[PDB]
$ cat input.pdb   # PDB, C-alpha atoms
ATOM      1  CA  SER A  10       4.083  23.011 -13.202
ATOM      2  CA  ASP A  11       7.671  23.543 -12.025
ATOM      3  CA  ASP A  12       6.662  26.744 -10.244
ATOM      4  CA  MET A  13       5.336  24.733  -7.308
ATOM      5  CA  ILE A  14       8.339  22.416  -7.101
ATOM      6  CA  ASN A  15      10.486  25.514  -6.574
ATOM      7  CA  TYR A  16       8.148  27.240  -4.107
ATOM      8  CA  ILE A  17       8.259  24.039  -2.078
ATOM      9  CA  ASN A  18      12.055  23.816  -2.088
ATOM     10  CA  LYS A  19      12.343  27.541  -1.330
ATOM     11  CA  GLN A  20      10.203  27.000   1.777
ATOM     12  CA  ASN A  21      12.958  24.917   3.381
ATOM     13  CA  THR A  22      10.498  22.288   4.586
ATOM     14  CA  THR A  23      11.220  18.886   6.119
ATOM     15  CA  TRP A  24      11.103  17.269   2.653
ATOM     16  CA  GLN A  25      12.674  17.979  -0.761
ATOM     17  CA  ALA A  26      10.624  18.216  -3.953
ATOM     18  CA  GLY A  27      11.348  17.310  -7.573
ATOM     19  CA  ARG A  28       9.440  16.133 -10.641
ATOM     20  CA  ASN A  29       7.988  12.633 -10.724
ATOM     21  CA  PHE A  30       5.589  12.825 -13.668
ATOM     22  CA  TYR A  31       5.967  13.670 -17.370
ATOM     23  CA  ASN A  32       3.306  13.547 -20.107
ATOM     24  CA  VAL A  33       0.354  12.744 -17.880
ATOM     25  CA  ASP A  34      -3.283  13.717 -18.222
ATOM     26  CA  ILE A  35      -4.984  14.920 -15.046
ATOM     27  CA  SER A  36      -7.210  11.828 -15.225
ATOM     28  CA  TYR A  37      -4.081   9.755 -14.597
ATOM     29  CA  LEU A  38      -3.176  11.602 -11.416
ATOM     30  CA  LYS A  39      -6.795  11.188 -10.366
ATOM     31  CA  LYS A  40      -6.836   7.446 -11.021
ATOM     32  CA  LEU A  41      -3.545   7.141  -9.111
ATOM     33  CA  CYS A  42      -5.299   8.400  -5.957
ATOM     34  CA  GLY A  43      -7.593   5.352  -5.891
ATOM     35  CA  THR A  44      -9.202   5.304  -2.433
ATOM     36  CA  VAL A  45     -12.588   6.514  -1.342
ATOM     37  CA  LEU A  46     -12.085   7.793   2.177
ATOM     38  CA  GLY A  47     -14.370   7.779   5.165
ATOM     39  CA  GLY A  48     -15.798   4.326   4.598
ATOM     40  CA  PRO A  49     -17.408   2.405   7.513
ATOM     41  CA  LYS A  50     -14.616   1.147   9.749
ATOM     42  CA  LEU A  51     -14.014  -2.356  11.080
ATOM     43  CA  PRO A  52     -14.213  -3.281  14.757
ATOM     44  CA  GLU A  53     -11.226  -1.733  16.528
ATOM     45  CA  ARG A  54      -8.422  -3.930  17.854
ATOM     46  CA  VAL A  55      -8.158  -4.389  21.631
ATOM     47  CA  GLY A  56      -4.991  -2.316  21.938
ATOM     48  CA  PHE A  57      -1.822  -3.531  23.634
ATOM     49  CA  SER A  58       0.995  -1.038  22.963
ATOM     50  CA  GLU A  59       1.391  -0.532  26.729
ATOM     51  CA  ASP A  60       3.254  -3.845  26.936
ATOM     52  CA  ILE A  61       5.494  -3.638  23.853
ATOM     53  CA  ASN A  62       8.725  -1.689  24.440
ATOM     54  CA  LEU A  63       8.708   0.244  21.164
ATOM     55  CA  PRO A  64      12.111   1.222  19.740
ATOM     56  CA  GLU A  65      12.860   4.709  18.427
ATOM     57  CA  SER A  66      13.099   3.511  14.865
ATOM     58  CA  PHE A  67      11.811   0.425  13.086
ATOM     59  CA  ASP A  68      11.915  -0.795   9.502
ATOM     60  CA  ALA A  69       9.988  -3.969   8.756
ATOM     61  CA  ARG A  70      12.475  -4.607   5.957
ATOM     62  CA  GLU A  71      15.472  -5.033   8.249
ATOM     63  CA  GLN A  72      13.434  -6.881  10.837
ATOM     64  CA  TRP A  73      12.206  -9.574   8.438
ATOM     65  CA  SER A  74      14.802  -9.673   5.691
ATOM     66  CA  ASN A  75      13.712 -13.260   4.996
ATOM     67  CA  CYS A  76      10.524 -11.709   3.564
ATOM     68  CA  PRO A  77      11.343 -10.176   0.118
ATOM     69  CA  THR A  78       7.838  -8.747  -0.329
ATOM     70  CA  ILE A  79       8.402  -6.144   2.425
ATOM     71  CA  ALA A  80      10.612  -4.279  -0.079
ATOM     72  CA  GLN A  81       8.810  -5.099  -3.304
ATOM     73  CA  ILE A  82       7.158  -2.068  -4.948
ATOM     74  CA  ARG A  83       4.061  -2.566  -7.077
ATOM     75  CA  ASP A  84       2.425  -0.501  -9.839
ATOM     76  CA  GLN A  85      -1.315   0.187  -9.938
ATOM     77  CA  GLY A  86      -1.177   1.601 -13.441
ATOM     78  CA  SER A  87      -4.010   3.803 -14.695
ATOM     79  CA  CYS A  88      -6.392   2.153 -12.287
ATOM     80  CA  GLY A  89      -7.808   3.575  -9.058
ATOM     81  CA  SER A  90      -6.795   0.362  -7.337
ATOM     82  CA  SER A  91      -4.526   1.684  -4.586
ATOM     83  CA  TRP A  92      -7.221   0.654  -2.102
ATOM     84  CA  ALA A  93      -6.503  -2.870  -3.313
ATOM     85  CA  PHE A  94      -2.719  -2.627  -3.499
ATOM     86  CA  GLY A  95      -2.189  -1.325   0.000
ATOM     87  CA  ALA A  96      -4.159  -4.321   1.186
ATOM     88  CA  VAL A  97      -2.545  -7.217  -0.721
ATOM     89  CA  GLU A  98       0.887  -5.641  -0.146
ATOM     90  CA  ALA A  99       0.404  -5.790   3.638
ATOM     91  CA  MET A 100      -1.144  -9.248   3.356
ATOM     92  CA  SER A 101       1.803 -10.744   1.463
ATOM     93  CA  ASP A 102       4.172  -9.295   4.087
ATOM     94  CA  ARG A 103       2.281 -10.814   7.012
ATOM     95  CA  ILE A 104       1.857 -14.296   5.483
ATOM     96  CA  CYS A 105       5.648 -14.483   5.455
ATOM     97  CA  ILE A 106       6.259 -12.846   8.837
ATOM     98  CA  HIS A 107       3.632 -14.992  10.553
ATOM     99  CA  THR A 108       5.122 -18.248   9.238
ATOM    100  CA  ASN A 109       8.732 -17.298   9.969
ATOM    101  CA  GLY A 110       9.493 -17.074   6.274
ATOM    102  CA  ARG A 111       8.435 -20.630   5.517
ATOM    103  CA  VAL A 112       5.487 -19.436   3.461
ATOM    104  CA  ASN A 113       6.137 -16.654   0.961
ATOM    105  CA  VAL A 114       3.552 -15.709  -1.681
ATOM    106  CA  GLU A 115       2.462 -12.600  -3.546
ATOM    107  CA  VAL A 116      -1.234 -12.062  -2.923
ATOM    108  CA  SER A 117      -3.020 -11.122  -6.163
ATOM    109  CA  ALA A 118      -3.937  -7.463  -6.598
ATOM    110  CA  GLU A 119      -5.908  -8.635  -9.594
ATOM    111  CA  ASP A 120      -8.224 -11.040  -7.734
ATOM    112  CA  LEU A 121      -9.159  -8.345  -5.182
ATOM    113  CA  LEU A 122      -9.612  -5.626  -7.800
ATOM    114  CA  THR A 123     -11.952  -7.741  -9.931
ATOM    115  CA  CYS A 124     -13.687 -10.262  -7.682
ATOM    116  CA  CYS A 125     -14.589  -8.330  -4.542
ATOM    117  CA  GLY A 126     -17.549  -6.778  -6.319
ATOM    118  CA  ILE A 127     -19.604  -4.065  -4.647
ATOM    119  CA  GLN A 128     -18.431  -5.036  -1.147
ATOM    120  CA  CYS A 129     -15.184  -3.144  -1.812
ATOM    121  CA  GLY A 130     -16.402  -0.395  -4.119
ATOM    122  CA  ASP A 131     -15.943   0.341  -7.792
ATOM    123  CA  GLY A 132     -12.722  -1.402  -8.800
ATOM    124  CA  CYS A 133     -10.584   0.989 -10.839
ATOM    125  CA  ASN A 134     -12.784   3.929  -9.841
ATOM    126  CA  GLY A 135     -11.679   3.718  -6.213
ATOM    127  CA  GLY A 136     -12.683   1.440  -3.353
ATOM    128  CA  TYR A 137     -12.650   1.000   0.414
ATOM    129  CA  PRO A 138      -9.601  -0.595   2.114
ATOM    130  CA  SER A 139     -11.934  -1.922   4.834
ATOM    131  CA  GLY A 140     -13.871  -4.128   2.442
ATOM    132  CA  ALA A 141     -10.689  -5.512   0.875
ATOM    133  CA  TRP A 142      -9.584  -6.887   4.222
ATOM    134  CA  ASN A 143     -13.038  -8.090   5.133
ATOM    135  CA  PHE A 144     -13.034  -9.915   1.791
ATOM    136  CA  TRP A 145      -9.669 -11.599   2.404
ATOM    137  CA  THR A 146     -11.408 -13.182   5.357
ATOM    138  CA  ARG A 147     -14.621 -14.307   3.707
ATOM    139  CA  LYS A 148     -13.533 -15.450   0.288
ATOM    140  CA  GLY A 149      -9.773 -15.074   0.423
ATOM    141  CA  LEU A 150      -7.559 -14.119  -2.517
ATOM    142  CA  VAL A 151      -5.236 -16.237  -4.689
ATOM    143  CA  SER A 152      -1.607 -15.436  -5.489
ATOM    144  CA  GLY A 153      -0.638 -13.187  -8.391
ATOM    145  CA  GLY A 154       2.500 -11.334  -9.404
ATOM    146  CA  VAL A 155       3.014  -8.043 -11.248
ATOM    147  CA  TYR A 156       1.997  -7.210 -14.854
ATOM    148  CA  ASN A 157       3.301  -9.778 -17.324
ATOM    149  CA  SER A 158       5.310 -11.414 -14.539
ATOM    150  CA  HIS A 159       3.642 -14.768 -15.165
ATOM    151  CA  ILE A 160       4.099 -15.187 -11.427
ATOM    152  CA  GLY A 161       1.312 -16.943  -9.592
ATOM    153  CA  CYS A 162      -2.311 -17.571 -10.380
ATOM    154  CA  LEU A 163      -3.516 -14.084 -11.344
ATOM    155  CA  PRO A 164      -0.884 -11.428 -12.180
ATOM    156  CA  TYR A 165      -2.067  -7.815 -12.504
ATOM    157  CA  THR A 166      -3.563  -7.264 -15.937
ATOM    158  CA  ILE A 167      -3.576  -3.489 -16.022
ATOM    159  CA  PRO A 168      -0.405  -2.345 -17.831
ATOM    160  CA  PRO A 169       2.164   0.113 -16.405
ATOM    161  CA  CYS A 170       2.654   3.615 -17.709
ATOM    162  CA  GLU A 171       6.203   4.963 -17.833
ATOM    163  CA  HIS A 172       5.187   8.323 -16.327
ATOM    164  CA  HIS A 173       8.793   8.803 -15.182
ATOM    165  CA  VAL A 174      10.434   8.806 -18.612
ATOM    166  CA  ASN A 175       9.877  11.163 -21.542
ATOM    167  CA  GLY A 176       9.567  10.305 -25.220
ATOM    168  CA  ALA A 177       6.649   8.320 -26.633
ATOM    169  CA  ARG A 178       4.101  11.146 -26.608
ATOM    170  CA  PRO A 179       0.841   9.215 -25.859
ATOM    171  CA  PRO A 180       0.302  10.857 -22.456
ATOM    172  CA  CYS A 181      -0.700   8.513 -19.648
ATOM    173  CA  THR A 182      -4.416   8.883 -19.031
ATOM    174  CA  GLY A 183      -6.490   7.345 -16.258
ATOM    175  CA  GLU A 184      -8.819   5.225 -18.338
ATOM    176  CA  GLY A 185      -9.667   1.560 -18.734
ATOM    177  CA  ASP A 186     -12.366  -0.333 -16.893
ATOM    178  CA  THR A 187     -12.288  -2.866 -14.129
ATOM    179  CA  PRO A 188     -11.808  -6.262 -15.774
ATOM    180  CA  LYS A 189     -14.392  -9.025 -15.283
ATOM    181  CA  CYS A 190     -13.750 -11.339 -12.323
ATOM    182  CA  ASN A 191     -12.446 -14.315 -14.275
ATOM    183  CA  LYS A 192     -12.164 -16.884 -11.476
ATOM    184  CA  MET A 193      -9.554 -18.906 -13.336
ATOM    185  CA  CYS A 194      -5.784 -19.078 -12.924
ATOM    186  CA  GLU A 195      -3.656 -18.030 -15.870
ATOM    187  CA  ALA A 196      -2.965 -21.005 -18.158
ATOM    188  CA  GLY A 197       0.297 -22.531 -16.997
ATOM    189  CA  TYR A 198      -0.330 -22.244 -13.275
ATOM    190  CA  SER A 199      -0.567 -25.769 -11.890
ATOM    191  CA  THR A 200      -3.453 -25.415  -9.406
ATOM    192  CA  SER A 201      -7.143 -24.492  -9.298
ATOM    193  CA  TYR A 202      -8.029 -20.896  -8.423
ATOM    194  CA  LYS A 203     -10.379 -22.178  -5.762
ATOM    195  CA  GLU A 204      -7.475 -24.228  -4.326
ATOM    196  CA  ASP A 205      -5.086 -21.285  -4.331
ATOM    197  CA  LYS A 206      -7.106 -18.916  -2.152
ATOM    198  CA  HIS A 207      -5.161 -17.582   0.822
ATOM    199  CA  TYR A 208      -7.367 -16.585   3.757
ATOM    200  CA  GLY A 209      -7.001 -14.475   6.884
ATOM    201  CA  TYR A 210      -8.480 -15.157  10.350
ATOM    202  CA  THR A 211      -9.870 -11.611  10.819
ATOM    203  CA  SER A 212      -9.377  -7.986   9.795
ATOM    204  CA  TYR A 213      -9.449  -5.007  12.146
ATOM    205  CA  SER A 214      -9.118  -1.303  12.705
ATOM    206  CA  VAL A 215      -6.175   0.082  14.604
ATOM    207  CA  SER A 216      -6.917   3.127  16.743
ATOM    208  CA  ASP A 217      -5.511   6.456  15.648
ATOM    209  CA  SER A 218      -3.082   6.206  18.530
ATOM    210  CA  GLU A 219       0.511   6.800  17.388
ATOM    211  CA  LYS A 220       1.820   4.293  19.911
ATOM    212  CA  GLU A 221      -0.856   1.712  19.118
ATOM    213  CA  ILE A 222      -0.159   1.734  15.358
ATOM    214  CA  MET A 223       3.523   1.375  16.254
ATOM    215  CA  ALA A 224       2.888  -1.702  18.404
ATOM    216  CA  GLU A 225       0.682  -3.268  15.677
ATOM    217  CA  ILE A 226       3.424  -2.908  13.068
ATOM    218  CA  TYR A 227       6.225  -4.055  15.358
ATOM    219  CA  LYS A 228       4.329  -7.074  16.583
ATOM    220  CA  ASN A 229       2.146  -8.140  13.713
ATOM    221  CA  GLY A 230       3.668  -6.434  10.695
ATOM    222  CA  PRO A 231       3.090  -3.778   7.983
ATOM    223  CA  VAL A 232      -0.444  -2.308   7.794
ATOM    224  CA  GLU A 233      -2.627  -0.556   5.243
ATOM    225  CA  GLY A 234      -3.653   3.060   5.682
ATOM    226  CA  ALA A 235      -5.047   5.901   3.612
ATOM    227  CA  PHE A 236      -4.587   9.662   3.512
ATOM    228  CA  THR A 237      -5.538  12.821   1.685
ATOM    229  CA  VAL A 238      -3.385  13.616  -1.329
ATOM    230  CA  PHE A 239      -2.455  17.186  -2.120
ATOM    231  CA  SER A 240      -0.856  18.341  -5.380
ATOM    232  CA  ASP A 241       2.619  18.842  -3.934
ATOM    233  CA  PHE A 242       2.795  15.291  -2.581
ATOM    234  CA  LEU A 243       3.086  14.289  -6.220
ATOM    235  CA  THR A 244       6.529  15.941  -6.300
ATOM    236  CA  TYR A 245       7.968  14.204  -3.253
ATOM    237  CA  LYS A 246      11.633  13.377  -3.689
ATOM    238  CA  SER A 247      13.021  12.846  -0.172
ATOM    239  CA  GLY A 248      12.703  14.085   3.411
ATOM    240  CA  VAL A 249       9.603  14.087   5.634
ATOM    241  CA  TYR A 250       6.460  15.002   3.665
ATOM    242  CA  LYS A 251       4.596  17.785   5.402
ATOM    243  CA  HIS A 252       1.922  19.259   3.106
ATOM    244  CA  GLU A 253       3.329  22.631   2.071
ATOM    245  CA  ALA A 254       1.212  23.707  -0.913
ATOM    246  CA  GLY A 255      -1.246  22.736  -3.634
ATOM    247  CA  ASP A 256      -4.918  21.788  -3.598
ATOM    248  CA  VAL A 257      -6.674  18.503  -2.744
ATOM    249  CA  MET A 258      -6.307  15.643  -5.230
ATOM    250  CA  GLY A 259      -8.221  12.815  -3.552
ATOM    251  CA  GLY A 260      -7.765   9.972  -1.066
ATOM    252  CA  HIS A 261      -5.037   7.345  -1.329
ATOM    253  CA  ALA A 262      -4.209   4.134   0.523
ATOM    254  CA  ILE A 263      -0.687   2.790   1.178
ATOM    255  CA  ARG A 264       1.332   0.327   3.242
ATOM    256  CA  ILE A 265       2.941   1.688   6.394
ATOM    257  CA  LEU A 266       5.963  -0.470   7.247
ATOM    258  CA  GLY A 267       8.083   1.379   9.798
ATOM    259  CA  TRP A 268       8.850   4.651  11.534
ATOM    260  CA  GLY A 269      11.741   6.691  12.820
ATOM    261  CA  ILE A 270      13.029  10.185  13.395
ATOM    262  CA  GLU A 271      14.867  12.138  10.752
ATOM    263  CA  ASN A 272      16.314  15.575  11.368
ATOM    264  CA  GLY A 273      14.180  15.842  14.497
ATOM    265  CA  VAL A 274      10.914  15.271  12.611
ATOM    266  CA  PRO A 275       9.168  12.013  13.495
ATOM    267  CA  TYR A 276       8.074  10.131  10.366
ATOM    268  CA  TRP A 277       6.206   7.078   9.087
ATOM    269  CA  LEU A 278       8.084   4.931   6.568
ATOM    270  CA  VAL A 279       5.581   4.446   3.746
ATOM    271  CA  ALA A 280       5.571   2.379   0.555
ATOM    272  CA  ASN A 281       3.648   3.892  -2.367
ATOM    273  CA  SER A 282       2.394   1.894  -5.350
ATOM    274  CA  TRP A 283       3.286   4.388  -8.082
ATOM    275  CA  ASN A 284       6.102   2.296  -9.546
ATOM    276  CA  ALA A 285       9.606   1.827  -8.124
ATOM    277  CA  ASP A 286      10.821   5.065  -9.705
ATOM    278  CA  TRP A 287       8.542   7.435  -7.788
ATOM    279  CA  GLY A 288       9.988   9.352  -4.842
ATOM    280  CA  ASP A 289      12.618   7.580  -2.750
ATOM    281  CA  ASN A 290      12.757   4.353  -4.771
ATOM    282  CA  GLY A 291       9.030   3.819  -4.369
ATOM    283  CA  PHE A 292       8.907   4.698  -0.685
ATOM    284  CA  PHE A 293       8.365   8.048   1.041
ATOM    285  CA  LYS A 294       8.281   9.393   4.607
ATOM    286  CA  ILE A 295       5.388  11.395   6.049
ATOM    287  CA  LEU A 296       5.041  13.492   9.215
ATOM    288  CA  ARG A 297       4.421  11.203  12.162
ATOM    289  CA  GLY A 298       2.346  12.014  15.211
ATOM    290  CA  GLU A 299       0.010  14.923  14.562
ATOM    291  CA  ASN A 300      -2.368  12.901  12.337
ATOM    292  CA  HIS A 301      -1.108  14.677   9.207
ATOM    293  CA  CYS A 302      -3.427  14.375   6.221
ATOM    294  CA  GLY A 303      -5.236  11.701   8.173
ATOM    295  CA  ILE A 304      -2.405   9.195   7.803
ATOM    296  CA  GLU A 305      -3.327   7.857  11.260
ATOM    297  CA  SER A 306      -7.106   7.864  10.764
ATOM    298  CA  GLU A 307      -7.838   4.685   8.777
ATOM    299  CA  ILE A 308      -5.384   1.950   9.781
ATOM    300  CA  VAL A 309      -6.459  -1.535   8.692
ATOM    301  CA  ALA A 310      -4.719  -4.860   9.232
ATOM    302  CA  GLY A 311      -5.237  -8.584   9.664
ATOM    303  CA  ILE A 312      -3.706 -11.885  10.685
ATOM    304  CA  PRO A 313      -3.193 -14.515   7.958
ATOM    305  CA  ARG A 314      -4.854 -17.834   8.723
ATOM    306  CA  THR A 315      -1.673 -19.912   9.087
ATOM    307  CA  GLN A 316      -3.532 -23.258   9.238
ATOM    308  CA  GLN A 317      -3.762 -24.175   5.555
ATOM    309  CA  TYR A 318       0.038 -24.083   5.151
ATOM    310  CA  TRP A 319       1.148 -26.687   7.698
ATOM    311  CA  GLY A 320       0.450 -29.927   5.877
ATOM    312  CA  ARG A 321       1.971 -28.418   2.738
ATOM    313  CA  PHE A 322       5.003 -26.572   4.093
TER
END
$ encode --input "input.pdb" --output "structure tokens"
Amino acid sequence: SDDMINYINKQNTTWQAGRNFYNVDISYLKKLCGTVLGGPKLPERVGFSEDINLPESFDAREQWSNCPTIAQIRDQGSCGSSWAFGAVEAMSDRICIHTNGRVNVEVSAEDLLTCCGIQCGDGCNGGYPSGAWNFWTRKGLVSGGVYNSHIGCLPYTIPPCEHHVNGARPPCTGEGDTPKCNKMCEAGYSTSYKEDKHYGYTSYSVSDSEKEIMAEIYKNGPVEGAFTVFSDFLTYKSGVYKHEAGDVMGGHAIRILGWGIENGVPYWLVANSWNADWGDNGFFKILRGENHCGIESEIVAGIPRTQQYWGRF
């Protein structure tokens, strides 16, 4: 309802609002916020920021241009899979970063969404980012591109929904069920699913310390994190998101990949998985520092087990 978009703009807040969705059923917006918050956390990382001389601004993208993934923007469709996307997005980034761009793959959102089982949650109905990472360690995940990309072993099977256009009336609606874990690479991929699994050494929590999260990103790479979604976030267009109005939608995970200061306001550079046309080309900035919406509460990350790539790369 446009009324809010205007109230927001009229407030003269750190961010600028506009309309991102057309012809969408509430259920869709609900399924978009696919993250059950407050899950049991992983053991916290030692902490080491004190040594790293953190710059004022960072952007993983510029830092590791040799890693295309760090700018790729996925689409979760009408599935409450963000918990999964934020994970595999960060994972793909690190595999590259940690191998100096010699190894570059797209970790399958599909494999995680369907094969994790109960350990992660309820697939398309929302899951826990913690489990996703803890799974990457135990059973690993194969490669897999975007919907109909035919890239990798298991591309995402849940179809996109052009919620940014306007025409074909069938309103997007958060439906569908979590597909069955078909442990089998798409016909045409030349290598056994079992022999495609990419593993990680270990997954961990990052304290809710602004400086610590910063060090983790700068040293080891982009990380997953979740936050509370409020109606108005849905209208983000640019600027530094600072919850101004609207009620609570639900939780939502994402990939934090940088920080900086804009117009005095400190901000986290975040990549959303609501299709490349949402907000600032798929990305958005949120208030940094004062644990806004809990953006600094549930930081998860991991280090890709580099070993299995040597003899092959």
$ resolve_selection --input "input.pdb" --expression "the PyMOL selection byres ((chain A and resi 17-34) around 10)" --output "MDAnalysis selection string"
chainID A and resid 10:16 35:39 170:183 241:255 271:274 283 286:288 293:296
$ closest_residue --input "input.pdb" --among "A:115, A:53, A:195, A:184" --to "residue 308 of chain A" --atoms "only C-alpha atoms"
A:53
$ resolve_selection --input "input.pdb" --expression "the PyMOL selection byres ((chain A and resi 41) around 10)" --output "ChimeraX atom specification"
/A:35-40,42-44,84-91,133-135,183,258-261,282-283
$ closest_atom_pairs --input "input.pdb" --of "segment 207-306 of chain A" --to "segment 97-114 of chain A" --cutoff "6 Å" --atoms "all atoms listed in the file" --output "CSV"
residue,atom,partner,partner_atom,distance
A:230,CA,A:103,CA,5.9
A:231,CA,A:99,CA,5.5
A:232,CA,A:99,CA,5.5
$ residues_near_point --input "input.pdb" --point "(10.5, -8.2, 10.7)" --cutoff "9 Å" --atoms "only C-alpha atoms" --output "JSON, numbers by chain"
{"A": [68, 69, 70, 71, 72, 73, 74, 75, 76, 79, 106, 227, 228, 229, 230]}
$ atom_distance --input "input.pdb" --atom1 "atom CA of residue 192 of chain A" --atom2 "atom CA of residue 132 of chain A"
15.7 Å
$ resolve_selection --input "input.pdb" --expression "the PyMOL selection byres ((chain A and resi 303) around 10)" --output "ChimeraX atom specification"
/A:46,217,234-238,260,299-302,304-308
$ atom_distance --input "input.pdb" --atom1 "atom CA of residue 262 of chain A" --atom2 "atom CA of residue 141 of chain A"
11.6 Å
$ closest_residue --input "input.pdb" --among "A:116, A:63, A:129, A:169" --to "residue 78 of chain A" --atoms "all atoms listed in the file"
A:116
$ residues_near_point --input "input.pdb" --point "(-9.4, -6.7, -7.4)" --cutoff "12 Å" --atoms "all atoms listed in the file" --output "PyMOL selection string"
chain A and resi 85+88-97+116-138+140-142+144-145+149-153+163-167+186-192
$ atom_distance --input "input.pdb" --atom1 "atom CA of residue 160 of chain A" --atom2 "atom CA of residue 198 of chain A"
8.5 Å
$ closest_residue --input "input.pdb" --among "A:57, A:318, A:292, A:67" --to "residue 205 of chain A" --atoms "only C-alpha atoms"
A:318
$ closest_residue --input "input.pdb" --among "A:269, A:311, A:168, A:59" --to "residue 213 of chain A" --atoms "only C-alpha atoms"
A:311
$ build_atoms --input "input.pdb" --residues "segment 62-73 of chain A" --atoms "N, CA, C and O atoms" --output "compact mmCIF listing (two decimals), in the coordinates of the input"
# COMPACT_ATOMS: atom_id res chain seq x y z
N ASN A 62 7.71 -2.73 24.25
CA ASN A 62 8.72 -1.69 24.44
C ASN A 62 9.18 -1.23 23.06
O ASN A 62 10.15 -1.75 22.50
N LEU A 63 8.45 -0.28 22.50
CA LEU A 63 8.71 0.24 21.16
C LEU A 63 10.01 0.99 20.99
O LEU A 63 10.30 1.94 21.72
N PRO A 64 10.83 0.57 20.02
CA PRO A 64 12.11 1.22 19.74
C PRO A 64 11.88 2.59 19.12
O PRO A 64 10.77 2.92 18.73
N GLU A 65 12.95 3.37 19.00
CA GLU A 65 12.86 4.71 18.43
C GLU A 65 12.60 4.63 16.94
O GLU A 65 11.86 5.43 16.39
N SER A 66 13.23 3.66 16.30
CA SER A 66 13.10 3.51 14.86
C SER A 66 12.89 2.05 14.53
O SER A 66 13.44 1.18 15.19
N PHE A 67 12.08 1.79 13.51
CA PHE A 67 11.81 0.42 13.09
C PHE A 67 11.70 0.46 11.58
O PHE A 67 11.38 1.51 10.99
N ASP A 68 11.98 -0.67 10.95
CA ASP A 68 11.92 -0.80 9.50
C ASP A 68 11.68 -2.26 9.25
O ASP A 68 12.61 -3.06 9.26
N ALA A 69 10.41 -2.60 9.00
CA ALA A 69 9.99 -3.97 8.76
C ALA A 69 10.97 -4.72 7.87
O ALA A 69 11.27 -5.89 8.13
N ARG A 70 11.53 -4.02 6.89
CA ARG A 70 12.48 -4.61 5.96
C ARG A 70 13.69 -5.22 6.63
O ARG A 70 14.06 -6.35 6.32
N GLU A 71 14.30 -4.50 7.56
CA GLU A 71 15.47 -5.03 8.25
C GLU A 71 15.05 -6.15 9.19
O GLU A 71 15.65 -7.23 9.23
N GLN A 72 13.94 -5.93 9.88
CA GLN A 72 13.43 -6.88 10.84
C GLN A 72 13.12 -8.26 10.25
O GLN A 72 13.36 -9.28 10.90
N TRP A 73 12.54 -8.30 9.05
CA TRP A 73 12.21 -9.57 8.44
C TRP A 73 12.80 -9.67 7.05
O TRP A 73 12.08 -9.83 6.06
